[PDB]
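Residue numbers (PDB author numbering), protein chains in the order written: chain A, -2 to 53, 73 to 195; chain B, -2 to 53, 73 to 195; chain C, -2 to 53, 73 to 195; chain D, -2 to 53, 73 to 195; chain E, -2 to 53, 73 to 195; chain F, -2 to 53, 73 to 195; chain G, -2 to 53, 73 to 195; chain H, -2 to 53, 73 to 195.
By construction, the Cβ of each residue, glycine as well, lies at the ideal position given by its N, Cα and C atoms.
Below is one structure, written out as structure tokens; the observations come after it.
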Ligand SMILES: COc1cc(CCNC(=O)c2[nH]c(-c3ccccc3C(F)(F)F)nc(=O)c2O)ccn1
Ligand SMILES: COc1cc(CCNC(=O)c2[nH]c(-c3ccccc3C(F)(F)F)nc(=O)c2O)ccn1
Ligand SMILES: COc1cc(CCNC(=O)c2[nH]c(-c3ccccc3C(F)(F)F)nc(=O)c2O)ccn1
Ligand SMILES: COc1cc(CCNC(=O)c2[nH]c(-c3ccccc3C(F)(F)F)nc(=O)c2O)ccn1
Ligand SMILES: COc1cc(CCNC(=O)c2[nH]c(-c3ccccc3C(F)(F)F)nc(=O)c2O)ccn1
Ligand SMILES: COc1cc(CCNC(=O)c2[nH]c(-c3ccccc3C(F)(F)F)nc(=O)c2O)ccn1
Ligand SMILES: COc1cc(CCNC(=O)c2[nH]c(-c3ccccc3C(F)(F)F)nc(=O)c2O)ccn1
Ligand SMILES: [Mn+2]
Ligand SMILES: [Mn+2]
Ligand SMILES: [Mn+2]
Ligand SMILES: [Mn+2]
Ligand SMILES: [Mn+2]
Ligand SMILES: [Mn+2]
Ligand SMILES: [Mn+2]
Ligand SMILES: [Mn+2]
Ligand SMILES: [Mn+2]
Ligand SMILES: [Mn+2]
Ligand SMILES: [Mn+2]
Ligand SMILES: [Mn+2]
Ligand SMILES: [Mn+2]
Ligand SMILES: [Mn+2]
Ligand SMILES: [Mn+2]
């Protein structure tokens, strides 16, 4: 095994790791080789899980963490009961309170570049966009950050905790220069 | 076993299935033969469970999911402590906040026909009526939908998810044309 | 064993029964003989448990359900940190929100007689008094019922459910004419 | 073993004891000899745990209960995402709602002496200070007690319960005259 | 509810009760009315469970405790892999060590009458027969009791414990004169 | 609380302690006062539990650890299915393999004095007698020690471990000179 | 989803299904399309699990159910501590008692054809071969069936139970004519 | 953290890791620095755990995995009930069947050098000695290996699995050249 893989298994809880292994394998990647992609999907999975935990009881429908067909089924059921436009690509969450899907991005570049690139890929204007980064900076559409400051600051802290742990194990540099 | 039965056991959590088996057998039906009635009572059971989960901590007394005699006991205790009129037929919930019983219907026809038919069977005007359907449409008495928009839209989504899963297994058509 | 005892073990959850057995034995009574006292302390224990569950997260300190010495220790710690007067007899709860102890009574007589008798035994005016009965009637000091209408009506319903179950087993009559 | 140690193991839940054993051993002390320091760190650990439980869902980041390096990592991540000043010594909590770290002290002297001594050791003015004592008295910076009266009064009661239990076992006197 | 029913729920573990409720309802009986049949199937279910527990690790295939169709499926699979004759009626166990099915009877008459009646109903000579009674007497085909003396004497004791508990609750007499 | 009581709660697992509290209270004693009797019944309870664990799967019926009436019920069922003589006093176990009841004694005197005294109290010759002591010495009827040397030596070790723990807490001397 | 897939999820316990999903995806297959291969690997996984359960406590090292690299690691450790020849292909078990690896095959053809084909693929003579089929027939190298008759007959029964369940759902025919 | 530490946490189950952390800290070492000593005590802990699992039900008293004082207490109780000589240093197990203590060594040198060195340190001839190594070789006193070949070969395999995992992570070389 790799050094990064062992770090992934000791920093992220097992359920998040199992979902990341299932997600990458459903797209042909192997967690034991593309190990920094392994850490990325784990990090992205934890961020969305904390994000939907930031609301009430059932404000959010979690799209991420399901296989492509079941995730599109919930997308279909959401679209064809609320009336919203079906997105071109799979989002990560659906905000019932705000009646909009959310795409959540976790980047190691500037929140400006990453938002611009995914806002380009999305093109469909309806779905909300919300980016975090491993430095503590965040950016959202219309500056509408959906959650309150306390929930989002928990996410920024967890991200900086991961970058710190990667650096003390000498794996942050390759993780940075691999996105 | 039937194909529908296997779908029922893999789509609804085991506790809901056990309650549905107990409910149908207490009325002489067998889940392994009347399999689309098996899916209906499971669907109806999940909807009411989500419905009472939509309130505070103890807003709702769940009438559905108990055997006829224990369910009438709670109905008696509710009626003879609050003062409300004892219903002619067994409701599904009791709203303490609103001081009224609720009958919850899940239909594959128009919410208008199904409401009209059960409002006819109820006749007793006190108990509230609330219908959902597998298309995302809902209808309630006095347009009083009891729950907020977020909780009810979760129920509509789950219903459309079930219809989608039934269709990909070729069982939605017989399920539709069997109510 | 007795018929009432078997009913007590099948109607009240095991933790409440274990506490009732411990409470009665600490005062020389045996649950297997004084069986209707066994049902009374179980009923009284469940009512107080639902009562403190009716508040926020930690509004209530539960006095009932502890042995005499540990219960007086919490009473001491409560009195000697808030400043309230130490009661002559052991209460059942302590309301931090209202800064007062509560004595909870469950009776099979008129709420008026039972309140009057315990208000006589208490004499110390500080601690709040709140009575329920197996008919759905309640009475509290200064008409201050502490909890909201939804929480108290849950307690009245549970009480009428117990009386109904006792009656169908022919044990309500002796339970009534034994208090 | 010591008498105090046995009391520590029977009064504090095992998870708090395990954390206290880990905390003291990471600083060269042995719980089986410095047994009243063993009770102190257990008491301090429970107080902070109740303290962060006094907020919403994720108002507080718990600093206490982690080893020195992981605790400083969260401190780093907190500081370098919110922007606050990194404290000279390890605090116990971080209040996101109030955007400030908290140092929690549990003393057997006057809240005035203990606050003054730690306010002297801290010197860095940013982090909040909050002291409790085994008599029910508390003191906080700017008289800003962070939590509501109900949560803090739970902590004062638990403290007086511990002192009472220590006294009936003859160990309060040495515990007092050892801080 | 009945007095016997409450005794059934407090003497037999819940899994055995659930199986008995499922078994009787699959044959049109209601546990709440035919309550002594309810105790009989519970007693019969526990005896067979102890019986198969009396062997090695996987000496016995349990036929009892499954619904009619799944029980016949295992009967089919057993018959059509070992080669034994398929029985006319559903047995309770299958002994691999001895290569024979077992029918287990629990009676309140003489082991001689009960064996004779079921040996008459079976007619198919292959399947083994083994009877216990609430007095401690047992009888098996060819005097081949399958299990050792220690396992069978546990079953006789449990049976006499049940009869004793029924008698102190005044329900043994009707239970006896109802088979 | 007492020092011995705290030692009892930290040395014996909670289930054994709960049984000891129930056993002593059923005979009018209070664990918080007669604390060395509290340790004795706990020690006696653990020894019998290890003893019956020393056999096969179901060699032993545990008589100890039940209340007087349920323990006599099993005694009745054992006697009136095996045919053995019903003992004058309650034994602790029943050996099916050897077809005899066992009385287990744990003493702090010489195994000779303790055996002689209980062999005097028993008088009924049928039931087996087996004594252990906190020094590692054991004595059984006809020198028939029922279990193998490995199981009995585990019991002697556990006993000497308890005496050692009591001595380091200064409570062995009063425990010795109290039997 | 497919009808076979739903049957796979309701007939095999979830841990076996998760392993089968992981095993097939590690070789590029998707359980939701190659659904009868999905049932085959599940069936093969359960058979090997029952097989190693047929021995003592730790007679067998399970090779099947691990990913290719971890399975080869145990193969390496086994070979390079016992001294046996490292097999050309991955076996399913390692028998320590017999000091040989085992390849377990579950077929829907004649045990003769399936054994011959895999004995051809293995070529390395050391590793043992053991075939079962859905009719109850088995064949092993040197007629050495490793396990006793009771354990192997459990496996044959489970296999015939699966074929029966597949047939009543109309999926046995395609499952047969797909190997 | 270190790379080795992350490997230790992902290869050994958490209970073994917690014991190793407690064992090293009780002797002044820190698992996060002396990380290959961290892997050694974990490996040594797992080997002894498998070793005592290799016997009957209670053949072995586990000495390793307790703190120095509690481990010496069991040593005292063992010595002063069986009569064996108290060892100069703490052993790892006590074999009741063979009436002797066992010292278990796991080495990365030749089993001959390691045995000779510890046989020199022990000097007390009574206690048995048993060495394993990461190559699959073992050596015991009088060639008495206590366990059967199947149990010991499981231990040799697990050891070679650990060395393989260390090598693929580049940490075996420093682990070898550090003993
Ligand atoms: C699992 O791997 C995948 C998966 C897909 C399809 C489903 N994925 C999303 O819907 C998706 N994917 C990404 C992403 C994209 C490229 C590299 C890494 C990631 C990242 F962050 F996961 F780590 N970010 C999101 O935020 C996001 O919602 C495509 C490609 N790779
Ligand atoms: C379990 O089967 C039954 C049960 C009964 C008596 C108790 N039932 C209700 O009280 C009830 N029954 C129905 C319903 C009615 C006919 C077919 C299907 C259903 C449906 F939806 F369950 F699937 N809808 C409700 O909403 C509802 O509250 C009558 C008949 N069948
Ligand atoms: C357990 O039995 C006891 C206990 C005590 C001392 C502690 N008890 C209370 O503090 C107490 N006792 C009663 C009560 C009094 C008489 C009969 C029955 C009850 C009742 F309801 F429990 F069922 N009601 C309360 O509300 C109440 O707080 C005295 C006498 N009996
Ligand atoms: C575990 O033992 C230790 C630990 C440290 C470093 C980490 N500790 C804190 O950060 C800390 N330490 C104390 C404290 C100080 C001296 C004696 C006792 C305590 C007390 F209360 F724990 F019991 N109080 C706090 O409030 C507090 O946050 C220093 C010294 N001893
Ligand atoms: C559940 O109720 C039923 C079930 C059936 C069909 C399946 N049953 C058996 O296969 C069966 N049935 C009986 C039995 C027969 C009559 C009354 C009571 C019982 C008894 F003991 F359960 F309590 N004894 C056995 O030993 C036995 O194997 C027939 C009738 N009633
Ligand atoms: C719980 O307290 C009791 C209980 C009883 C009746 C039931 N007890 C037994 O059947 C019994 N009682 C004793 C024993 C006797 C006197 C003092 C202490 C014990 C001892 F060891 F428990 F600690 N030893 C046995 O071995 C034994 O089987 C009588 C008296 N006290
Ligand atoms: C935890 O660390 C320690 C502990 C002690 C005292 C208690 N220890 C034993 O009783 C002991 N110690 C060793 C050992 C010795 C030196 C280095 C590494 C180990 C090894 F293998 F743990 F990894 N081997 C055994 O087999 C053994 O029974 C001394 C020194 N270090
Ligand atoms: Mn996504
Ligand atoms: Mn995303
Ligand atoms: Mn209904
Ligand atoms: Mn309805
Ligand atoms: Mn009270
Ligand atoms: Mn009261
Ligand atoms: Mn601190
Ligand atoms: Mn502090
Ligand atoms: Mn049967
Ligand atoms: Mn039968
Ligand atoms: Mn006794
Ligand atoms: Mn005894
Ligand atoms: Mn194979
Ligand atoms: Mn050692
Ligand atoms: Mn060693």
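Can you find a C-beta in chain B that's less than 9 Å from the C-beta of residue i?
{"i": "residue 85 (chain E)", "result": "yes"}
{"i": "residue 75 (chain A)", "result": "yes"}
For residue i, which residues in chain E fall below 8 Å Cβ to Cβ?
{"i": "residue 48 (chain F)", "result": "Within chain E, no residue comes near residue 48 (chain F); the closest Cβ sits about 16 Å away, beyond 8 Å."}
Please confirm if residue i has its CB atom under 9 Å from at least one CB of chain A.
{"i": "residue 52 (chain H)", "result": "no"}
{"i": "residue 165 (chain B)", "result": "yes"}
Name the chain D residues whose beta carbon is nearer than 9 Å to that of residue i?
{"i": "residue 22 (chain H)", "result": "19, 22, 23"}
By how many angstroms is the C-alpha of residue j removed from the C-alpha of residue i?
{"i": "residue 23 (chain C)", "j": "residue 19 (chain H)", "result": "42 Å"}
{"i": "residue 162 (chain C)", "j": "residue 143 (chain B)", "result": "29 Å"}
{"i": "residue 172 (chain H)", "j": "residue 194 (chain H)", "result": "21 Å"}
{"i": "residue 157 (chain G)", "j": "residue 147 (chain G)", "result": "9 Å"}
{"i": "residue 12 (chain A)", "j": "residue 37 (chain A)", "result": "15 Å"}
Contact criterion: CB-CB distance below 9 Å. Does residue i meet it with respect to chain E?
{"i": "residue 94 (chain F)", "result": "yes"}
{"i": "residue 40 (chain G)", "result": "no"}
{"i": "residue 29 (chain B)", "result": "yes"}
I want to verify the contact list: residues of chain E whose CB lies under 7 Å from the CB of residue i, in sequence order.
{"i": "residue 4 (chain C)", "result": "3"}
{"i": "residue 169 (chain G)", "result": "97, 98, 112"}
Can residue i be considered in contact with ligand 7, in the sense that its beta carbon sits closer than 8 Å to one or more heavy atoms?
{"i": "residue 122 (chain H)", "result": "yes"}
Quick one: list the residues of chain A neighbouring residue i, beta-carbon separation under 9 Å, in chain order.
{"i": "residue 223 (chain B)", "result": "The displayed coordinates of chain B run from -2 to 195. Any statement about residue 223 (chain B) would go beyond what the structure contains."}
Any heavy atom of ligand 20 closer than 8 Å to the CB of residue i?
{"i": "residue 3 (chain C)", "result": "no"}
With a threshold of 8 Å, establish whether the CB of residue i neighbours any heavy atom of ligand 13.
{"i": "residue 45 (chain C)", "result": "yes"}
Is any heavy atom of ligand 4 found at a distance shorter than 8 Å from the C-beta of residue i?
{"i": "residue 80 (chain D)", "result": "yes"}
Whose Cβ in chain G lies nearer than 7 Å to the Cβ of residue i?
{"i": "residue 133 (chain H)", "result": "Per Cβ cutoff of 7 Å: no residues; residue 133 (chain H) is ~23 Å from chain G at best."}
Using a beta-carbon distance below 9 Å, is residue i in contact with chain H?
{"i": "residue 162 (chain G)", "result": "no"}
Under 8 Å between beta-carbons, which chain A residues line up against residue i? List them in chain order, please.
{"i": "residue 89 (chain D)", "result": "177, 180, 181"}
Determine whether the Cβ of residue i lies closer than 9 Å to any Cβ atom of chain F.
{"i": "residue 173 (chain E)", "result": "yes"}
How about residue i: is its Cβ closer than 8 Å to a heavy atom in ligand 14?
{"i": "residue 108 (chain D)", "result": "yes"}
{"i": "residue 119 (chain D)", "result": "yes"}
Indicate, with yes or no, if ligand 6 has a heavy atom lying under 8 Å from the CB of residue i.
{"i": "residue 150 (chain F)", "result": "no"}
Of all the residues that make up the stretch 178 to 190 of chain F, which are near chain D by a beta-carbon distance shorter than 9 Å? Within the stretch 178 to 190 of chain F, the residues whose Cβ lies closer than 9 Å to some Cβ of chain D are 181, 184, 185, 186, listed in chain order.
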